[PDB]
């Protein structure tokens, strides 16, 4: 029997791939990011892995761009977007993408404070 892992964030390709293989096996696990594929693999033996090597469709910063795109077209209220990052923050001015920065490792108190201030 065949155990297959499908790692694909593209919803259409994920469904097409799962449907295609449905008649060959019941053992199909689907995941939508790279860490999830690795974690699935640590948990289960897979004979075959179908990997979108172009994954992700959009990384974090690109998702931010698309969110901003959404707000512009739909003419909706602007969300506060708080970036979390392990990198050193050398320029903390807000911009078109990000409203604030919080470094990792996360300090819960700091994150709450920043979230409540942006919300206000």
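Positions refer to the first chain, counted from 1.
Looking at 37 to 45 and 90 to 98 together, the entry lists the larger mean B-factor for 90 to 98, computed on C-alpha atoms.
Between 5 to 13 and 103 to 111, it is 103 to 111 that carries the larger average Cα temperature factor according to the deposited entry. Sorting the modelled residues of the chain by their CA temperature factor places residue 32 in the lowest third. Per-chain ranking of the deposited C-alpha B factor places residue 55 in the middle third. In the deposited entry, the Cα temperature factor of residue 80 places it in the lowest third of its chain's modelled residues.
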